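Read through the structure below, which is laid out as structure tokens, and then see the notes.
Whatever order the structure lists them in is the order used to number ligands and atoms, beginning at 1. Within every chain, numbering begins at 1; the chains are lettered A, B, ... in the order of the sequence lines, protein sequences first and strands thereafter. Note: hydrogens, waters and symmetry copies are ignored here, and every other heavy atom, side chains too, is used.
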Amino acid sequence: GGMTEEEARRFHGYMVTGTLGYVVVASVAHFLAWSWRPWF
Amino acid sequence: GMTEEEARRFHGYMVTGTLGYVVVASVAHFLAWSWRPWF
Amino acid sequence: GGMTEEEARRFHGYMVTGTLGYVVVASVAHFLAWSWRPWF
Amino acid sequence: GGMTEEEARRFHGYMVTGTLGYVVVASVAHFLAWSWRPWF
Amino acid sequence: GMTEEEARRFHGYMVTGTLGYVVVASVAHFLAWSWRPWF
Amino acid sequence: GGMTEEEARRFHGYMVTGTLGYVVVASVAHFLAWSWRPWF
Amino acid sequence: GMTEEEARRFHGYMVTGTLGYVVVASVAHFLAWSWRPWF
Amino acid sequence: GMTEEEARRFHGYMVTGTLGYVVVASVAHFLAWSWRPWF
Amino acid sequence: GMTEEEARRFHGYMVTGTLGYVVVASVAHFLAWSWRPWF
Amino acid sequence: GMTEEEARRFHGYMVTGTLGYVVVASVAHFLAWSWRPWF
Amino acid sequence: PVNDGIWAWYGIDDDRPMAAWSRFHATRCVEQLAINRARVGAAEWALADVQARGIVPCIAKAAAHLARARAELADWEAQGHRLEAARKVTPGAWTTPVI
Amino acid sequence: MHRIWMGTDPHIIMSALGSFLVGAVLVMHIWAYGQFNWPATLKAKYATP
Amino acid sequence: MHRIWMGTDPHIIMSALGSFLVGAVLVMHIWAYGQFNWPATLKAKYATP
Amino acid sequence: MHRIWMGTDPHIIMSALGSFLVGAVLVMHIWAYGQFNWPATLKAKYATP
Amino acid sequence: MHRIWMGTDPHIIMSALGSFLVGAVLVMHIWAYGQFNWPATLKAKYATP
Amino acid sequence: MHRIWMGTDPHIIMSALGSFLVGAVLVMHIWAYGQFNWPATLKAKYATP
Amino acid sequence: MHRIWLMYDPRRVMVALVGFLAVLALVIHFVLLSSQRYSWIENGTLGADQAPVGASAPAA
Amino acid sequence: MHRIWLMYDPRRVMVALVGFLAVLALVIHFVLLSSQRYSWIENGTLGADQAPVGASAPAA
Amino acid sequence: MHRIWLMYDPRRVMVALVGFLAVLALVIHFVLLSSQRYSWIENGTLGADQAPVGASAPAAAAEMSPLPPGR
Amino acid sequence: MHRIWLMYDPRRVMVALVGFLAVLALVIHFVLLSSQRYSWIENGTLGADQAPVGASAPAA
Amino acid sequence: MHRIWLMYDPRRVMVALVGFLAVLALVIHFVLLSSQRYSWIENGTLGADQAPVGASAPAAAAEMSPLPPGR
Amino acid sequence: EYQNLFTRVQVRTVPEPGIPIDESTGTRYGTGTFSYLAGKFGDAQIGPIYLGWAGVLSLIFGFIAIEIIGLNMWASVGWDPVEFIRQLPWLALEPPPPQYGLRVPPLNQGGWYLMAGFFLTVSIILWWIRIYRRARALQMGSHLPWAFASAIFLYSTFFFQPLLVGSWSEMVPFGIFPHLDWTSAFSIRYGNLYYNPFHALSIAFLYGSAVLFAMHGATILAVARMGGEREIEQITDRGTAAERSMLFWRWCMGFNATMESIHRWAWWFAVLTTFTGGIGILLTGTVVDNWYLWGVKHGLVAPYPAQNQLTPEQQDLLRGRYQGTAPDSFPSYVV
Ligand code: BCL
Ligand SMILES: CC[C@H]1c2cc3[nH]c4c(c3C)C(=O)[C@H](C(=O)OC)c4c3nc(cc4[nH]c(cc(n2)[C@@H]1C)c(C(C)=O)c4C)[C@@H](C)[C@@H]3CCC(=O)OC/C=C(\C)CCC[C@H](C)CCC[C@H](C)CCCC(C)C
Ligand SMILES: COC(C)(C)C/C=C/C(C)=C/C=C/C(C=O)=C/C=C/C(C)=C/C=C/C=C(C)/C=C/C=C(\C)CC/C=C(C)/C=C/C=C(\C)C(=O)O
Ligand SMILES: COC(C)(C)C/C=C/C(C)=C/C=C/C(C=O)=C/C=C/C(C)=C/C=C/C=C(C)/C=C/C=C(\C)CC/C=C(C)/C=C/C=C(\C)C(=O)O
Ligand SMILES: COC(C)(C)C/C=C/C(C)=C/C=C/C(C=O)=C/C=C/C(C)=C/C=C/C=C(C)/C=C/C=C(\C)CC/C=C(C)/C=C/C=C(\C)C(=O)O
Ligand SMILES: COC(C)(C)C/C=C/C(C)=C/C=C/C(C=O)=C/C=C/C(C)=C/C=C/C=C(C)/C=C/C=C(\C)CC/C=C(C)/C=C/C=C(\C)C(=O)O
Ligand SMILES: COC(C)(C)C/C=C/C(C)=C/C=C/C(C=O)=C/C=C/C(C)=C/C=C/C=C(C)/C=C/C=C(\C)CC/C=C(C)/C=C/C=C(\C)C(=O)O
Ligand SMILES: COC(C)(C)C/C=C/C(C)=C/C=C/C(C=O)=C/C=C/C(C)=C/C=C/C=C(C)/C=C/C=C(\C)CC/C=C(C)/C=C/C=C(\C)C(=O)O
Ligand SMILES: COC(C)(C)C/C=C/C(C)=C/C=C/C(C=O)=C/C=C/C(C)=C/C=C/C=C(C)/C=C/C=C(\C)CC/C=C(C)/C=C/C=C(\C)C(=O)O
Ligand SMILES: COC(C)(C)C/C=C/C(C)=C/C=C/C(C=O)=C/C=C/C(C)=C/C=C/C=C(C)/C=C/C=C(\C)CC/C=C(C)/C=C/C=C(\C)C(=O)O
Ligand SMILES: COC(C)(C)C/C=C/C(C)=C/C=C/C(C=O)=C/C=C/C(C)=C/C=C/C=C(C)/C=C/C=C(\C)CC/C=C(C)/C=C/C=C(\C)C(=O)O
Ligand SMILES: COC(C)(C)C/C=C/C(C)=C/C=C/C(C)=C/C=C/C(C)=C/C=C\C=C(C)\C=C\C=C(C)\C=C\C=C(C)\C=C\CC(C)(C)OC
Ligand SMILES: CCCCCCCCCCCCO[C@@H]1O[C@H](CO)[C@@H](O[C@H]2O[C@H](CO)[C@@H](O)[C@H](O)[C@H]2O)[C@H](O)[C@H]1O
Ligand SMILES: [Fe+3]
């Protein structure tokens with residue numbers, strides 16, 4: 001029971017894609033936030 | 001009867017529920033801290 | 001007494017849905033109580 | 001048991017379509033709100 | 001216990017009596033509200 | 001075992017008739033009430 | 001345990017006695033209200 | 001519970017009832033807006 | 001009772017659990033001492 | 001528990017993660033030092 | 001629960017059906033096998049005694065009790081087989097067999 | 001459209017509808033008598049000084 | 001999309017939806033009466049001075 | 001990506017999602033009604049002096 | 001590095017991660033609203049004198 | 001040096017290290033906010049006059 | 001609805017109903033007799049415009 | 001979901017329900033009767049503007 | 001997650017749950033009903049700005065030197 | 001670590017844990033509710049600067 | 001030193017240990033919460049110099065007594 | 001060594017006793033049942049009850065008495081159901097004011113009290129009759145109703161002593177802490193009840209009842225392994241459990257009872273507790289008004305050195321008045 005290596009390889013690809021997507025959207029958010037109110 | 005597979009399956013939920021419970025309690029504490037710090 | 005995994009899966013469908021529906025009702029009750037007299 | 005691969009494959013298509021529909025309506029809502037009372 | 005047919009038949013009355021009870025209670029509350037509002 | 005389809009289809013005709021008859025009488029009542037004491 | 005037809009007979013008396021009592025109590029409240037209204 | 005053909009019938013009425021309800025509500029909001037606009 | 005192998009395997013967990021717990025308590029006292037020292 | 005070859009594979013990633021974490025933290029401290037030096 | 005008693009409140013329960021190896025469940029199983037085989041032996045002796053003295057309503061209950069004792073024994077034999085299978089595939093388990 | 005009634009009991013339906021209608025009508029009258037000043041104007045028409 | 005109804009009961013779905021609509025509509029009206037000053041203007045029009 | 005739904009029950013998914021949306025939407029409206037001063041400006045528009 | 005997922009269940013992973021993100025995002029906003037003067041400046045823009 | 005990990009379990013190890021890093025980072029940030037007067041200077045920058 | 005008397009023994013229900021109603025009637029009469037407005041044994045003859053009301057006189 | 005009545009014996013549920021509703025109804029009525037505002041036996045004939053209100057905050 | 005109902009008799013679960021929610025609901029209402037701010041049966045018609053509030057920390061000096069109430 | 005569920009019955013540990021958390025939560029809420037600083041039902045709308053504080057040392 | 005455990009059921013050892021720590025923790029917290037200096041729910045926001053310290057001496061006027069006179 | 005303090009193995013029987021011994025008129029109410037919890041400490045059967053005419057009427061009369069008390073208590077907190085539970089042990093239904101003496105008082109000023117007292121008293125007498133009839137129907141001696149008559153005697157002195165001193169105000173208020181307030185104030189009014197010799201005797205038997213039941217309970221448990229709890233068979237067919245019980249006490253304190261006669265010692269100690277009690281109450285306020293001074297007269301009171309000494313002008317100054325009526329006005333003092 002639980003994921004086989006072949007499932008783990010497949011699952012990992014989506015996990016990376018989602019993580020990079022989330023970080024990209026957050027990077028835009030921080031660029032906007034800094035343009036609006038710089039914090040340093 | 002209970003297998004080690006069933007034990008490993010149950011343990012995953014137990015860890016996940018514990019972590020989710022700790023997450024909620026952490027947000028609750030930070031809300032309370034923001035409202036009225038106790039230190 | 002018996003209790004098969006399909007009975008458990010059928011019961012879980014009702015138990016979750018009833019639980020969530022009750023929380024939804026309670027959420028509206030708090031929405032009403034807050035707009036009447038906030039506690040913070 | 002639970003939902004099969006082929007059921008999941010078509011469930012996903014509706015779930016995506018429903019989510020995009022919600023986000024489209026929310027986009028119009030925010031555009032109207034920004035026209036009415038901008039918040040930055 | 002009950003057969004499923006008995007449960008179906010019983011449930012319809014139980015729903016009806018609950019709805020009748022809620023109707024009378026709703027009228028009772030609106031009478032009370034019109035007499036002396038609590039909010 | 002409850003109402004069959006043919007019972008349901010016969011029952012539905014009276015239900016529709018009674019509902020429309022009620023709406024008709026209520027329409028008269030609202031017309032009279034409006035002419036007596038308009039509310040908008 | 002009653003037969004179904006025997007329960008049906010008892011139900012007729014039981015409903016009628018209940019409504020008769022409610023009717024009497026309704027007139028008692030008509031008299032009480034005429035003597036000294038509570039609203 | 002409902003079979004796939006029963007679900008297909010039931011869905012057609014659900015769509016119809018929902019859209020009809022939203023039409024009536026849209027007329028209500030147009031009337032309300034013409035009467036006391038809220039923005 | 002239990003084989004020597006199991007008592008050793010158990011002792012490894014008990015020592016490690018004890019020391020891990022005492023480490024967490026050490027940080028708790030470090031925090032408490034920073035906030036309001038008692039000597 | 002984990003075998004000697006699995007441990008070898010584990011160790012490679014663990015060192016990689018540790019060195020990456022330290023590298024990022026090193027950059028963070030260089031930035032912090034430029035912004036508000038603490039000695 | 002008769003065997004674990006108060007310790008069932010803390011979730012020690014060595015009677016429950018077990019299919020992985022467990023020295024605690026195997027210990028409980030070996031103890032309960034002996035007790036239930038003695039209990040089946042006594043139940044069928046009591047049937048033989050009450051059949052010999054011939055009292056009909058007592059013979060009925062003695063047979064009903066014996067059947068229940070055999071069934072309760074059969075559950076422990078099933079538990080014994082599960083654990084004995086798990087013993088053979090699990091390192092560091094007992095060398096003496098269950099059941 | 002009729003098929004929604006299948007497996008119901010018509011005595012249940014007419015009880016449930018009948019209860020709702022009695023309720024809603026009474027609430028609307030209790031409310032309307034508050035807003036429209038009636039029967040309050042009727043009572044004033046025949047009140048003794 | 002109709003497959004979402006498979007396994008469900010029409011009478012549960014109708015009961016749940018109807019209960020939601022009854023609650024939502026009554027909440028919306030009692031809120032709206034508070035904001036729009038109606039029936040308050042209706043009551044003021046026919047009030048006895 | 002659809003493989004994430006395998007083994008789930010679609011009614012539980014829709015129940016969970018619908019319950020999250022209701023609570024999130026309610027919190028957002030309490031919050032927004034606060035910050036934006038609406039319907040407070042609506043009530044003031046039609047209030048009787 | 002995918003081998004870390006072997007023997008895990010994807011629903012366990014997605015629920016654990018989903019919890020962590022929801023908590024982090026809420027804490028970050030509640031914190032930020034106290035450091036940046038927002039929505040306080042939004043509220044003050046539309047406030048009644 | 002890898003031979004230290006044999007006999008251990010990766011998920012236990014990663015849980016212990018991960019819980020350590022969460023705690024250490026949080027302690028270090030909350031300490032650092034006290035010493036460096038940030039975000040207090042950020043809060044004062046956008047505060048209402 | 002008559003099948004309620006199959007589910008419950010009417011010999012039990014009627015005794016419980018009689019007991020409940022007698023106690024409720026006794027409680028309501030005691031509560032009223034204990035009040036000032038409905039102290040009817042002492043003040044039943046007063047007539048409704050001069051019966052007590054639970055308010056304080058204006059201007060004291 | 002009438003099959004609820006298969007897992008729960010309605011003979012037990014209806015007795016539990018009626019017992020609960022009876023006690024709760026009485027508690028609510030006596031809480032109201034005990035209050036100043038809703039002491040309807042003594043003061044029920046007062047109008048809504050005349051009925052008591054509990055004290056506000058002191059600046060109000 | 002449904003296998004939790006293999007582990008527990010659902011007839012025991014639901015009875016325990018409903019008993020827990022009933023008692024919790026009662027307790028929260030009676031705790032509120034005995035407070036001043038949420039004594040809603042007496043003071044429910046008050047606006048939120050008029051409702052009672054538990055008193056602050058003192059005026060910062062926390063010290064007395066008064067002047068009389070006017071005669 | 002999942003092997004502890006062979007040592008202990010999950011069915012019984014879960015019940016014990018739910019009971020422990022409920023008791024501890026109720027204890028902490030009532031301890032706070034009884035305090036001055038955190039009597040949140042009466043004073044929850046006070047700002048953190050306005051909330052009570054237990055008396056300090058006189059520093060003399 | 002591990003041979004200490006051969007005498008004991010490890011499940012029962014753990015239940016014995018957890019019960020000991022739970023009692024000890026609650027005792028130490030309730031002792032501190034009952035003190036003046038560490039009554040942290042009321043006074044936790046005080047700085048370390050502002051927090052209470054037990055009296056290095058009491059004092060009196062000579063004619064005062066805390067206790068009534070008597071043999 | 002097994003202590004015989006709780007039963008590790010119970011046995012069920014599917015048919016049951018609880019269907020009574022042959023009993024004639026009246027009816028057996030309910031079906032017998034077993035409690036596992038009752039079976040741990042004692043016999044497991046919880047089961048059928050007999051009332052007859054006297055038992056039915058006793059419950060009706062007694063229920064009304066309980067309702068009157070509770071409704072008055074609940075009225076005394078203004079019908080507040082929260083304050084009814086919160087304040088319950090301080091609530092009372094209170095006897096009439098002293099100035100009425102034995103005359104009927106107003107309904108809210110003791111009239112409900114005398115009514116509740118009347119229905120409670122009738123209910124207690126009807127219960128005694130119910131017990132008496134049941135003992136005879138089961139073909140038993142009358143020891144239990146006469147033991148219960150001793151308790152009823154003491155209870156009746158809370159009516160007769162107020163009657164003899166001439167005022168219903170002196171009766172005991174119905175209420176948990178209020179009746180303890182009365183118990184203290186009775187001893188105060190009559191100058192310290194410790195010096196009432198029948199009160200002293202009543203205590204001697206109350207303590208002796210605990211001494212005997214501790215001794216007898218322990219004795220029977222100590223021989224229960226030898227069948228000593230089968231007390232009827234130890235009486236009709238003396239076994240070694242009875243002999244050892246007799247020898248223990250003989251060797252301990254030099255004399256012993258029998259397995260029968262220890263139950264007579266038990267019966268008389270319990271009965272004399274309330275019988276001597278009632279005599280002491282009846283003597284109080286009718287024959288003796290200050291029991292401490294009766295103690296001084298009869299030499300009960302140990303001497304102590306004087307704690308204060310009065311001068312003759314202090315003896316006149318420090319006499320008070322007997323307590324009078326409360327002020328029925330709110331005086332203005334302005335001129
Ligand atoms: C067995 C059927 C499924 C289900 C299937 C659907 C479908 C299909 C839709 C929704 C939609 C919604 N659901 Mg859902 N939903 C379920 C359970 C829930 C629960 C819950 C406590 O369990 C909640 C709070 C919600 C809440 C919601 C809203 C967030 C949303 C808007 C409609 C609405 O207000 O419905 C409030 C209703 C209730 C609180 C209870 C009754 C639920 C009914 C079945 C909802 C769907 C019917 C409705 C008329 C819309 C159908 C439109 C189609 C074009 C025919 N659902 C059950 C488990 N839900 C709609 C959406 O996403 O819109 C963007 C949508 O199209
Ligand atoms: C020898 C002295 C001691 C003594 C002895 C003693 N007491 C006794 C006896 C004996 C030997 C009994 O046989 C008798 C008894 O029955 O014991 C169980 C009793 C008794 N001792 C009692 C109490 C008692 N004894 C006390 C003390 C003492 N008892 C002394 C220490 C005290 C104290 C210390 O204060 C008390 C409170 C009673 C338990 C009992 C007598 C019971 C009695 O008379 O009850 C009368 C009935 C009521 C009050 C009404 C009850 C109302 C119901 C709750 C209503 C339910 C509804 C009803 C069904 C409605 C009607 C409908 C109809 C249609 C049915
Ligand atoms: C203010 O003061 C203080 C607070 C102190 C300041 C400091 C704060 C600090 C220290 C913050 C640190 C934050 C942090 C640290 O790590 C933050 C880390 C954040 C991270 C990691 C975010 C990652 C997000 C990842 C996402 C969203 C992934 C989504 C994946 C999707 C959508 C795909 C799902 C589908 C799959 C998988 C396929 C199934 C297939 C299957 C099953 C098949 O194919 O079989
Ligand atoms: C006044 O102040 C004083 C009091 C004095 C101050 C001091 C206070 C002190 C000292 C406090 C100490 C606190 C403490 C100490 O450790 C607190 C420790 C708390 C802990 C550990 C909390 C843990 C919570 C865990 C939870 C919630 C888990 C939930 C799991 C769920 C939901 C999943 C269940 C499984 C499922 C669904 C799958 C079934 C599958 C099956 C069956 C299958 O698949 O077969
Ligand atoms: C103010 O101060 C203090 C008070 C101290 C502060 C407070 C502090 C604390 C600690 C509060 C804690 C709160 C809490 C903590 O967890 C609260 C937790 C609450 C929870 C979890 C509520 C859950 C509710 C769930 C419900 C209602 C479910 C209903 C189910 C229904 C309707 C389904 C019907 C159908 C069935 C059953 C199937 C039949 C079978 C069928 C059809 C078939 O078989 O076919
Ligand atoms: C104010 O201060 C603070 C609070 C701090 C501010 C910050 C707030 C923050 C951080 C907010 C974040 C919000 C958020 C983040 O993600 C919000 C995310 C929202 C999301 C995800 C919404 C998704 C909606 C999806 C919908 C409506 C889908 C509907 C689908 C339908 C109708 C189809 C049904 C049929 C199907 C599926 C197939 C049937 C079965 C078939 C075919 C079969 O079985 O075969
Ligand atoms: C002071 O204020 C405080 C107290 C502090 C504030 C707080 C208050 C709180 C917390 C309140 C909570 C309230 C609450 C829940 O908790 C409230 C819940 C209320 C509910 C659910 C009411 C339900 C009523 C249902 C009724 C009446 C049904 C009647 C059915 C009948 C008559 C039909 C019977 C069947 C028949 C005839 C057919 C037989 C056929 C058979 C046998 C066959 O066919 O075989
Ligand atoms: C004031 O402020 C607030 C309150 C907020 C303001 C807002 C108020 C709001 C929102 C109001 C909404 C109201 C509303 C919404 O829908 C109202 C809807 C009302 C409806 C639906 C009325 C329907 C009535 C139907 C009737 C009378 C039918 C009678 C049928 C009869 C007589 C037939 C009998 C014969 C039969 C059956 C045949 C048996 C044959 C058989 C068996 C055979 O042949 O087999
Ligand atoms: C004030 O401040 C705050 C409160 C914050 C402001 C915000 C408020 C908000 C957010 C409000 C609400 C939002 C909302 C979101 O979606 C509201 C959603 C509303 C919706 C969805 C309404 C849906 C209505 C649907 C209807 C009427 C359907 C009727 C169907 C009928 C008549 C058919 C019946 C017959 C059948 C089925 C038989 C089939 C055949 C069968 C079975 C066969 O043949 O077998
Ligand atoms: C008046 O003065 C006052 C105010 C009172 C002040 C003075 C107070 C005083 C005098 C205090 C004294 C304190 C004290 C003195 O000794 C305190 C001593 C405390 C001690 C000893 C603490 C020890 C803690 C140990 C722990 C936590 C161990 C945990 C073990 C774990 C987690 C391992 C679990 C592993 C298992 C189960 C195996 C799984 C793997 C498996 C199965 C596999 O791999 O198969
Ligand atoms: C302010 O005052 C006071 C507080 C006093 C000031 C002082 C503070 C002090 C003293 C601080 C000290 C801090 C410290 C001390 O060392 C801090 C030490 C920090 C450390 C160690 C950081 C290490 C990080 C390591 C990471 C992130 C590893 C990641 C690994 C990954 C991602 C791989 C995961 C996948 C695996 C493994 C599976 C592989 C395949 C497998 C297995 C297969 O294929 O089978
Ligand atoms: C709706 O139902 C409710 C909820 C109200 C039911 C609940 C009721 C409750 C909660 C009741 C609580 C009762 C309590 C707590 C009672 C406590 C009683 C106690 C502790 C009593 C203690 C002592 C009382 C004594 C000794 C009283 C003795 C009274 C006597 C002997 C009275 C005799 C009176 C006679 C013979 C009267 C004769 C009548 C005539 C006309 C001759 O007048 C003299
Ligand atoms: C406590 C106060 C009660 C006040 C009661 C006031 C009087 C009420 C009785 C009215 C008499 C007529 O009422 C009617 O009587 C007949 C018998 O005659 C009952 O008839 C009942 O029993 C007969 C057989 O005997 C069945 O065939 C019938 O189906 C059944 O209903 C009816 O159910 C009842 O409705
Ligand atoms: Fe004896």
Do protein heavy atoms approach atom 31 (O) of ligand 13 to less than 4.0 Å?
-> yes
Using protein heavy atoms only, decide if any is under 4.0 Å from atom 18 (O) of ligand 13.
-> no
Test of ring centre spacing under 6.0 Å for O/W38 and D/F40 | yes
Heavy atoms of the protein only: does one fall short of 4.0 Å from atom 30 (C) of ligand 1?
-> no
Protein N/O near ligand 6 N/O, under 3.5 Å, which pairs?
residue, atom, partner, partner atom, Å
ligand 6, 2 (O), O/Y33, OH, 3.1
ligand 6, 45 (O), D/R10, NE, 2.6
ligand 6, 45 (O), D/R10, NH2, 3.0

Verify atom 23 (C) of ligand 13: protein non-hydrogen atom under 4.0 angstrom away | no
Heavy-atom proximity to atom 26 (C) of ligand 1, best of M/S15, N/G18, H/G12, N/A16 = N/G18
Quick one: does atom 1 (C) of ligand 1 have a protein heavy atom under 4.0 Å from it?
-> yes
May I ask you to check whether T/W40 and C/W39 place their ring centres under 6.0 Å from each other?
-> no
What atoms in ligand 1 come closer than 4.0 Å to a heavy atom of M/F20?
-> 34 (O), 36 (C)
Side-chain ion pair, G/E5 and G/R9, N-O less than 4.0 Å = no
Protein contact for atom 8 (C) of ligand 13 (heavy atom, distance under 4.0 Å) | yes
For ligand 1, is D/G18 a contact, meaning one of its heavy atoms is under 4.0 Å away?
-> no
